[PDB]
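S.K.: For reference, this is my_file_37.pdb, and it has PDB, C-alpha atoms (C1' of nucleotides).
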```
ATOM      1  CA  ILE A  18      30.794 -30.051  20.601  1.00  0.00           C
ATOM      2  CA  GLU A  19      29.651 -28.422  23.837  1.00  0.00           C
ATOM      3  CA  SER A  20      26.783 -25.951  23.450  1.00  0.00           C
ATOM      4  CA  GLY A  21      23.603 -25.448  21.450  1.00  0.00           C
ATOM      5  CA  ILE A  22      19.933 -24.540  21.632  1.00  0.00           C
ATOM      6  CA  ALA A  23      16.769 -26.566  21.100  1.00  0.00           C
ATOM      7  CA  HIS A  24      13.881 -25.488  18.890  1.00  0.00           C
ATOM      8  CA  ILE A  25      10.524 -27.132  19.547  1.00  0.00           C
ATOM      9  CA  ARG A  26       7.446 -26.566  17.384  1.00  0.00           C
ATOM     10  CA  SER A  27       4.324 -28.204  18.820  1.00  0.00           C
ATOM     11  CA  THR A  28       1.392 -27.488  16.506  1.00  0.00           C
ATOM     12  CA  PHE A  29      -2.005 -29.156  16.425  1.00  0.00           C
ATOM     13  CA  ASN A  30      -0.540 -31.913  14.290  1.00  0.00           C
ATOM     14  CA  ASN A  31       3.191 -32.258  14.880  1.00  0.00           C
ATOM     15  CA  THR A  32       5.735 -31.921  17.668  1.00  0.00           C
ATOM     16  CA  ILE A  33       8.836 -30.998  15.668  1.00  0.00           C
ATOM     17  CA  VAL A  34      12.008 -30.800  17.758  1.00  0.00           C
ATOM     18  CA  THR A  35      15.386 -29.723  16.369  1.00  0.00           C
ATOM     19  CA  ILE A  36      18.657 -29.373  18.271  1.00  0.00           C
ATOM     20  CA  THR A  37      20.651 -26.570  16.669  1.00  0.00           C
ATOM     21  CA  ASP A  38      23.696 -24.439  17.406  1.00  0.00           C
ATOM     22  CA  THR A  39      23.560 -21.317  19.566  1.00  0.00           C
ATOM     23  CA  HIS A  40      24.057 -19.289  16.387  1.00  0.00           C
ATOM     24  CA  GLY A  41      21.504 -21.345  14.448  1.00  0.00           C
ATOM     25  CA  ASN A  42      23.094 -24.419  12.859  1.00  0.00           C
ATOM     26  CA  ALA A  43      21.400 -27.794  13.020  1.00  0.00           C
ATOM     27  CA  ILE A  44      22.696 -30.960  14.672  1.00  0.00           C
ATOM     28  CA  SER A  45      19.835 -33.399  15.252  1.00  0.00           C
ATOM     29  CA  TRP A  46      16.070 -33.468  14.869  1.00  0.00           C
ATOM     30  CA  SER A  47      13.059 -35.761  15.091  1.00  0.00           C
ATOM     31  CA  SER A  48       9.282 -35.691  15.425  1.00  0.00           C
ATOM     32  CA  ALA A  49       6.317 -38.053  15.756  1.00  0.00           C
ATOM     33  CA  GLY A  50       6.409 -39.182  12.129  1.00  0.00           C
ATOM     34  CA  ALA A  51      10.145 -39.705  12.519  1.00  0.00           C
ATOM     35  CA  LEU A  52       9.367 -42.277  15.204  1.00  0.00           C
ATOM     36  CA  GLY A  53       6.283 -43.689  13.508  1.00  0.00           C
ATOM     37  CA  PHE A  54       3.213 -42.047  15.002  1.00  0.00           C
ATOM     38  CA  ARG A  55       1.488 -42.213  11.641  1.00  0.00           C
ATOM     39  CA  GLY A  56      -2.017 -40.914  12.272  1.00  0.00           C
ATOM     40  CA  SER A  57      -3.343 -38.036  14.363  1.00  0.00           C
ATOM     41  CA  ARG A  58      -1.469 -39.479  17.345  1.00  0.00           C
ATOM     42  CA  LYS A  59       1.226 -36.904  16.546  1.00  0.00           C
ATOM     43  CA  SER A  60      -0.169 -34.304  18.962  1.00  0.00           C
ATOM     44  CA  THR A  61      -0.095 -36.523  22.040  1.00  0.00           C
ATOM     45  CA  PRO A  62       2.266 -35.721  24.931  1.00  0.00           C
ATOM     46  CA  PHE A  63       3.562 -39.287  24.635  1.00  0.00           C
ATOM     47  CA  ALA A  64       4.667 -38.458  21.088  1.00  0.00           C
ATOM     48  CA  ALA A  65       6.695 -35.427  22.173  1.00  0.00           C
ATOM     49  CA  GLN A  66       7.999 -37.570  25.036  1.00  0.00           C
ATOM     50  CA  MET A  67       9.434 -40.056  22.548  1.00  0.00           C
ATOM     51  CA  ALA A  68      10.484 -37.561  19.873  1.00  0.00           C
ATOM     52  CA  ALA A  69      12.554 -35.332  22.158  1.00  0.00           C
ATOM     53  CA  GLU A  70      14.574 -38.284  23.468  1.00  0.00           C
ATOM     54  CA  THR A  71      15.597 -39.511  20.014  1.00  0.00           C
ATOM     55  CA  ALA A  72      16.862 -36.082  18.969  1.00  0.00           C
ATOM     56  CA  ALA A  73      18.706 -35.845  22.290  1.00  0.00           C
ATOM     57  CA  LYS A  74      20.512 -39.077  21.397  1.00  0.00           C
ATOM     58  CA  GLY A  75      22.144 -37.215  18.515  1.00  0.00           C
ATOM     59  CA  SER A  76      23.263 -34.572  20.999  1.00  0.00           C
ATOM     60  CA  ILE A  77      25.059 -37.240  23.042  1.00  0.00           C
ATOM     61  CA  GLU A  78      26.708 -38.271  19.761  1.00  0.00           C
ATOM     62  CA  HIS A  79      28.125 -34.730  19.639  1.00  0.00           C
ATOM     63  CA  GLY A  80      28.485 -34.318  23.397  1.00  0.00           C
ATOM     64  CA  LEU A  81      26.790 -30.951  23.825  1.00  0.00           C
ATOM     65  CA  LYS A  82      25.283 -30.421  27.262  1.00  0.00           C
ATOM     66  CA  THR A  83      23.780 -26.929  27.570  1.00  0.00           C
ATOM     67  CA  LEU A  84      20.402 -26.220  25.976  1.00  0.00           C
ATOM     68  CA  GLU A  85      18.123 -23.237  25.470  1.00  0.00           C
ATOM     69  CA  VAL A  86      14.541 -24.219  24.678  1.00  0.00           C
ATOM     70  CA  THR A  87      12.206 -22.031  22.600  1.00  0.00           C
ATOM     71  CA  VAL A  88       8.596 -23.211  22.451  1.00  0.00           C
ATOM     72  CA  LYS A  89       6.763 -22.192  19.276  1.00  0.00           C
ATOM     73  CA  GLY A  90       3.077 -22.836  18.712  1.00  0.00           C
ATOM     74  CA  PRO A  91      -0.102 -23.988  20.449  1.00  0.00           C
ATOM     75  CA  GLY A  92      -0.212 -27.687  21.217  1.00  0.00           C
ATOM     76  CA  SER A  93       0.440 -30.157  24.003  1.00  0.00           C
ATOM     77  CA  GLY A  94       4.165 -30.852  23.809  1.00  0.00           C
ATOM     78  CA  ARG A  95       5.440 -27.775  25.631  1.00  0.00           C
ATOM     79  CA  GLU A  96       5.408 -29.678  28.924  1.00  0.00           C
ATOM     80  CA  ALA A  97       6.748 -32.945  27.502  1.00  0.00           C
ATOM     81  CA  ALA A  98      10.130 -31.612  26.371  1.00  0.00           C
ATOM     82  CA  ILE A  99      10.588 -30.204  29.868  1.00  0.00           C
ATOM     83  CA  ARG A 100       9.778 -33.679  31.169  1.00  0.00           C
ATOM     84  CA  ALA A 101      11.913 -35.416  28.535  1.00  0.00           C
ATOM     85  CA  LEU A 102      15.044 -33.344  28.005  1.00  0.00           C
ATOM     86  CA  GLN A 103      15.671 -32.551  31.667  1.00  0.00           C
ATOM     87  CA  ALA A 104      15.460 -36.303  32.270  1.00  0.00           C
ATOM     88  CA  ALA A 105      17.815 -36.758  29.291  1.00  0.00           C
ATOM     89  CA  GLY A 106      20.710 -35.437  31.391  1.00  0.00           C
ATOM     90  CA  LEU A 107      20.871 -32.202  29.393  1.00  0.00           C
ATOM     91  CA  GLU A 108      21.096 -28.722  30.892  1.00  0.00           C
ATOM     92  CA  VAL A 109      17.839 -26.887  30.196  1.00  0.00           C
ATOM     93  CA  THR A 110      18.686 -23.248  30.921  1.00  0.00           C
ATOM     94  CA  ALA A 111      15.929 -20.982  29.575  1.00  0.00           C
ATOM     95  CA  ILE A 112      12.364 -21.587  28.408  1.00  0.00           C
ATOM     96  CA  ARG A 113      10.719 -19.129  26.019  1.00  0.00           C
ATOM     97  CA  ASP A 114       7.235 -19.197  24.536  1.00  0.00           C
ATOM     98  CA  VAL A 115       8.214 -17.594  21.224  1.00  0.00           C
ATOM     99  CA  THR A 116       5.159 -17.908  19.195  1.00  0.00           C
ATOM    100  CA  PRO A 117       5.485 -15.572  16.204  1.00  0.00           C
ATOM    101  CA  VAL A 118       2.805 -13.130  17.290  1.00  0.00           C
ATOM    102  CA  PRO A 119       1.410 -11.140  14.346  1.00  0.00           C
ATOM    103  CA  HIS A 120       0.257  -7.644  15.051  1.00  0.00           C
ATOM    104  CA  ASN A 121      -2.418  -7.798  12.368  1.00  0.00           C
ATOM    105  CA  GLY A 122      -0.476  -9.605   9.666  1.00  0.00           C
ATOM    106  CA  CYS A 123      -2.695 -10.906   6.912  1.00  0.00           C
ATOM    107  CA  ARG A 124      -6.247 -12.090   7.241  1.00  0.00           C
ATOM    108  CA  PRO A 125      -6.736 -15.640   8.527  1.00  0.00           C
ATOM    109  CA  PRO A 126      -8.800 -18.215   6.620  1.00  0.00           C
ATOM    110  CA  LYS A 127     -12.493 -18.751   7.269  1.00  0.00           C
ATOM    111  CA  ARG A 128     -14.040 -20.514  10.221  1.00  0.00           C
ATOM    112  CA  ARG A 129     -14.501 -24.211   9.482  1.00  0.00           C
ATOM    113  CA  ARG A 130     -18.322 -24.073   9.456  1.00  0.00           C
ATOM    114  CA  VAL A 131     -19.221 -21.155   7.185  1.00  0.00           C
TER
ATOM    115  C1'   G B   1     -52.786  37.406   9.938  1.00  0.00           C
ATOM    116  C1'   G B   2     -50.500  42.875   8.604  1.00  0.00           C
ATOM    117  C1'   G B   3     -47.861  47.328  10.076  1.00  0.00           C
ATOM    118  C1'   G B   4     -44.971  50.619  13.992  1.00  0.00           C
ATOM    119  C1'   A B   5     -41.744  50.319  18.384  1.00  0.00           C
ATOM    120  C1'   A B   6     -39.150  47.726  22.708  1.00  0.00           C
ATOM    121  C1'   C B   7     -37.222  43.091  26.044  1.00  0.00           C
ATOM    122  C1'   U B   8     -33.420  38.652  25.876  1.00  0.00           C
ATOM    123  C1'   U B   9     -34.515  33.288  27.745  1.00  0.00           C
ATOM    124  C1'   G B  10     -34.851  30.611  21.653  1.00  0.00           C
ATOM    125  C1'   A B  11     -31.043  30.555  18.032  1.00  0.00           C
ATOM    126  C1'   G B  12     -26.401  32.975  16.454  1.00  0.00           C
ATOM    127  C1'   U B  13     -21.618  36.030  17.133  1.00  0.00           C
ATOM    128  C1'   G B  14     -17.234  37.471  20.229  1.00  0.00           C
ATOM    129  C1'   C B  15     -13.858  36.052  23.904  1.00  0.00           C
ATOM    130  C1'   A B  16     -11.405  32.263  27.381  1.00  0.00           C
ATOM    131  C1'   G B  17     -10.880  27.094  27.587  1.00  0.00           C
ATOM    132  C1'   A B  18     -11.027  21.533  27.078  1.00  0.00           C
ATOM    133  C1'   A B  19     -11.802  16.752  24.571  1.00  0.00           C
ATOM    134  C1'   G B  20     -11.070  13.956  20.161  1.00  0.00           C
ATOM    135  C1'   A B  21      -9.572   6.533  15.660  1.00  0.00           C
ATOM    136  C1'   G B  22     -13.735  13.430  12.301  1.00  0.00           C
ATOM    137  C1'   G B  23     -12.019  14.159   6.813  1.00  0.00           C
ATOM    138  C1'   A B  24      -8.303  14.847   2.694  1.00  0.00           C
ATOM    139  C1'   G B  25      -3.162  15.004   1.309  1.00  0.00           C
ATOM    140  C1'   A B  26       2.674  13.543   0.664  1.00  0.00           C
ATOM    141  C1'   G B  27       6.041  10.746   3.605  1.00  0.00           C
ATOM    142  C1'   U B  28       7.602   7.337   7.778  1.00  0.00           C
ATOM    143  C1'   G B  29       8.440   2.794  10.456  1.00  0.00           C
ATOM    144  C1'   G B  30       7.714  -2.428  13.707  1.00  0.00           C
ATOM    145  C1'   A B  31       6.517  -7.520  14.311  1.00  0.00           C
ATOM    146  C1'   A B  32       4.222 -11.419  10.964  1.00  0.00           C
ATOM    147  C1'   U B  33       2.948 -14.222   6.333  1.00  0.00           C
ATOM    148  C1'   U B  34       5.015 -15.849   1.832  1.00  0.00           C
ATOM    149  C1'   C B  35       8.699 -15.564  -2.038  1.00  0.00           C
ATOM    150  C1'   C B  36      13.930 -15.998  -3.203  1.00  0.00           C
ATOM    151  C1'   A B  37      19.728 -16.262  -2.155  1.00  0.00           C
ATOM    152  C1'   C B  38      22.677 -19.274   1.050  1.00  0.00           C
ATOM    153  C1'   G B  39      24.827 -21.734   5.336  1.00  0.00           C
ATOM    154  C1'   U B  40      23.673 -25.663   8.722  1.00  0.00           C
ATOM    155  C1'   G B  41      20.986 -30.176   8.612  1.00  0.00           C
ATOM    156  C1'   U B  42      17.877 -35.483   7.104  1.00  0.00           C
ATOM    157  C1'   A B  43      13.138 -38.176   5.741  1.00  0.00           C
ATOM    158  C1'   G B  44       9.532 -37.044   5.540  1.00  0.00           C
ATOM    159  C1'   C B  45       6.770 -32.929   6.645  1.00  0.00           C
ATOM    160  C1'   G B  46       1.803 -31.284   5.001  1.00  0.00           C
ATOM    161  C1'   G B  47      -3.297 -32.029   6.400  1.00  0.00           C
ATOM    162  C1'   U B  48      -8.224 -34.538   8.785  1.00  0.00           C
ATOM    163  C1'   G B  49     -13.702 -37.264  11.891  1.00  0.00           C
ATOM    164  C1'   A B  50     -10.300 -40.738   9.435  1.00  0.00           C
ATOM    165  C1'   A B  51      -7.228 -40.263   5.210  1.00  0.00           C
ATOM    166  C1'   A B  52      -5.658 -38.979   0.522  1.00  0.00           C
ATOM    167  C1'   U B  53      -4.400 -35.361  -3.295  1.00  0.00           C
ATOM    168  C1'   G B  54      -0.590 -31.905  -3.072  1.00  0.00           C
ATOM    169  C1'   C B  55       5.532 -31.061  -1.245  1.00  0.00           C
ATOM    170  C1'   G B  56      10.173 -33.977  -0.858  1.00  0.00           C
ATOM    171  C1'   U B  57      16.875 -37.188  -1.980  1.00  0.00           C
ATOM    172  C1'   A B  58      16.686 -32.283  -7.841  1.00  0.00           C
ATOM    173  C1'   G B  59      17.403 -31.765  -0.511  1.00  0.00           C
ATOM    174  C1'   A B  60      11.568 -30.093   1.583  1.00  0.00           C
ATOM    175  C1'   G B  61       9.865 -29.161   6.622  1.00  0.00           C
ATOM    176  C1'   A B  62      12.500 -26.995  11.057  1.00  0.00           C
ATOM    177  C1'   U B  63      16.573 -23.547  11.733  1.00  0.00           C
ATOM    178  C1'   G B  64      20.570 -18.851  10.853  1.00  0.00           C
ATOM    179  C1'   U B  65      21.652 -14.310   8.266  1.00  0.00           C
ATOM    180  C1'   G B  66      20.426 -11.400   4.077  1.00  0.00           C
ATOM    181  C1'   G B  67      16.898  -9.516  -0.125  1.00  0.00           C
ATOM    182  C1'   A B  68      12.371  -8.021  -2.753  1.00  0.00           C
ATOM    183  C1'   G B  69       7.341  -6.976  -2.209  1.00  0.00           C
ATOM    184  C1'   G B  70       2.459  -6.143  -0.820  1.00  0.00           C
ATOM    185  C1'   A B  71      -1.546  -5.592   2.478  1.00  0.00           C
ATOM    186  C1'   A B  72      -3.140  -5.674   7.523  1.00  0.00           C
ATOM    187  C1'   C B  73      -2.008  -1.924  11.365  1.00  0.00           C
ATOM    188  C1'   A B  74      -1.102  -6.306  18.279  1.00  0.00           C
ATOM    189  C1'   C B  75      -0.415  -4.182  22.989  1.00  0.00           C
ATOM    190  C1'   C B  76      -3.563   0.411  24.532  1.00  0.00           C
ATOM    191  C1'   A B  77      -9.269  -1.741  23.676  1.00  0.00           C
ATOM    192  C1'   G B  78     -13.423   0.023  27.372  1.00  0.00           C
ATOM    193  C1'   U B  79     -22.424  -0.686  26.818  1.00  0.00           C
ATOM    194  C1'   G B  80     -14.585   4.120  25.648  1.00  0.00           C
ATOM    195  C1'   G B  81     -13.808   8.725  21.837  1.00  0.00           C
TER
END
```
Starting from the coordinates I provided, produce the structure as structure tokens.
M.R.:
Amino acid sequence: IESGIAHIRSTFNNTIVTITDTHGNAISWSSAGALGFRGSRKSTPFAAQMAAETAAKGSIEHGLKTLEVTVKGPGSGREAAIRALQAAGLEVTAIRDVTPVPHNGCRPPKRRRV
RNA sequence: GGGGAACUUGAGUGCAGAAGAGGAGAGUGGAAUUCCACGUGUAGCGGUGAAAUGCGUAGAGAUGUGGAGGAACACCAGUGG
């Protein structure tokens, strides 16, 4: 194939990266536990460095070149996929910070020390 | 203190304005959470000081559309009303 977009979710634990179609259909995906970062090493920028490259190898298997990266969530891997996937020979076109922003939503859980 | 009579600053009324998340009522949306239907897609995601229980080859998580349903009403937001 030729074109697709790239979803990245970089939470406090995981850096989950999927390469999907432009109209939302998956091709390849990986994360830190997919490579073998077993513990709480999953949030490191080295983990998103390794995880984005392995998913991009499945894109070369399907030959798509153009990307469209949507960053979702607070973490550390939002810079690493820019460092990885641009160096992966793939065309990074647009970068969004689409965190799903609630207006008020539902009430969050308690603070961790109450 | 009581009675009789006046004055208009106290307080009130008219009139002319201006501000407002003041209350009560019936209705209205918009993101977001989950739930479920399904496509696409594979080995884990989930979580911590560390890790496990829980969830997962019966196809999760991520992702695309669609559906129900509730409650909360970002931005404006300010020793601001």
S.K.: Determine the residue set returned by the PyMOL selection byres ((chain B) within 10 of (chain A)) for the present structure, and present it as a PyMOL selection string.
M.R.: chain B and resi 30-33+39-48+50-51+61-65+71-75
S.K.: Just to be explicit: take each residue in the selection above, keep C-alpha atoms (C1' of nucleotides), and write the result as a PDB file, keeping the file's coordinate frame.
M.R.:
```pdb
ATOM      1  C1'   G B  30       7.714  -2.428  13.707  1.00  0.00           C
ATOM      2  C1'   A B  31       6.517  -7.520  14.311  1.00  0.00           C
ATOM      3  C1'   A B  32       4.222 -11.419  10.964  1.00  0.00           C
ATOM      4  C1'   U B  33       2.948 -14.222   6.333  1.00  0.00           C
ATOM      5  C1'   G B  39      24.827 -21.734   5.336  1.00  0.00           C
ATOM      6  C1'   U B  40      23.673 -25.663   8.722  1.00  0.00           C
ATOM      7  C1'   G B  41      20.986 -30.176   8.612  1.00  0.00           C
ATOM      8  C1'   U B  42      17.877 -35.483   7.104  1.00  0.00           C
ATOM      9  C1'   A B  43      13.138 -38.176   5.741  1.00  0.00           C
ATOM     10  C1'   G B  44       9.532 -37.044   5.540  1.00  0.00           C
ATOM     11  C1'   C B  45       6.770 -32.929   6.645  1.00  0.00           C
ATOM     12  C1'   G B  46       1.803 -31.284   5.001  1.00  0.00           C
ATOM     13  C1'   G B  47      -3.297 -32.029   6.400  1.00  0.00           C
ATOM     14  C1'   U B  48      -8.224 -34.538   8.785  1.00  0.00           C
ATOM     15  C1'   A B  50     -10.300 -40.738   9.435  1.00  0.00           C
ATOM     16  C1'   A B  51      -7.228 -40.263   5.210  1.00  0.00           C
ATOM     17  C1'   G B  61       9.865 -29.161   6.622  1.00  0.00           C
ATOM     18  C1'   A B  62      12.500 -26.995  11.057  1.00  0.00           C
ATOM     19  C1'   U B  63      16.573 -23.547  11.733  1.00  0.00           C
ATOM     20  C1'   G B  64      20.570 -18.851  10.853  1.00  0.00           C
ATOM     21  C1'   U B  65      21.652 -14.310   8.266  1.00  0.00           C
ATOM     22  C1'   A B  71      -1.546  -5.592   2.478  1.00  0.00           C
ATOM     23  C1'   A B  72      -3.140  -5.674   7.523  1.00  0.00           C
ATOM     24  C1'   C B  73      -2.008  -1.924  11.365  1.00  0.00           C
ATOM     25  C1'   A B  74      -1.102  -6.306  18.279  1.00  0.00           C
ATOM     26  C1'   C B  75      -0.415  -4.182  22.989  1.00  0.00           C
TER      27        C B  75
END
```
S.K.: Please report the interatomic distance between atom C1' of residue 27 of chain B and atom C1' of residue 70 of chain B in Å with one decimal.
M.R.: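 It comes out at 17.8 Å.
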S.K.: As an exercise, work out the distance from atom CA of residue 87 of chain A to atom CA of residue 21 of chain A in Å and give it to one decimal place.
M.R.: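 So the two atoms, atom CA of residue 87 of chain A and atom CA of residue 21 of chain A, lie 12.0 Å apart.
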S.K.: Interatomic distance between atom CA of residue 65 of chain A and atom CA of residue 96 of chain A?
M.R.: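 Atom CA of residue 96 of chain A lies at a distance of 9.0 Å from atom CA of residue 65 of chain A.
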S.K.: Which residue out of A:129, A:92, A:102, A:59 has the minimum interatomic distance to residue 76 of chain A when only C-alpha atoms are used?
M.R.: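 Using only C-alpha atoms, residue 76 of chain A sits closest to A:102.
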S.K.: Let me know the residues the PyMOL selection byres ((chain B and resi 19) around 9) catches in the file above, as an MDAnalysis selection string.
M.R.: chainID B and resid 18 20 81
S.K.: Nearest to residue 85 of chain A among A:116, A:126, A:54, A:107, with distances taken over only C-alpha atoms: which residue is it?
M.R.: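 Using only C-alpha atoms, residue 85 of chain A sits closest to A:107.
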S.K.: For the file shown, what are the residues hit by the PyMOL selection byres ((chain B and resi 36) around 8), laid out as a count of residues only?
M.R.: 3
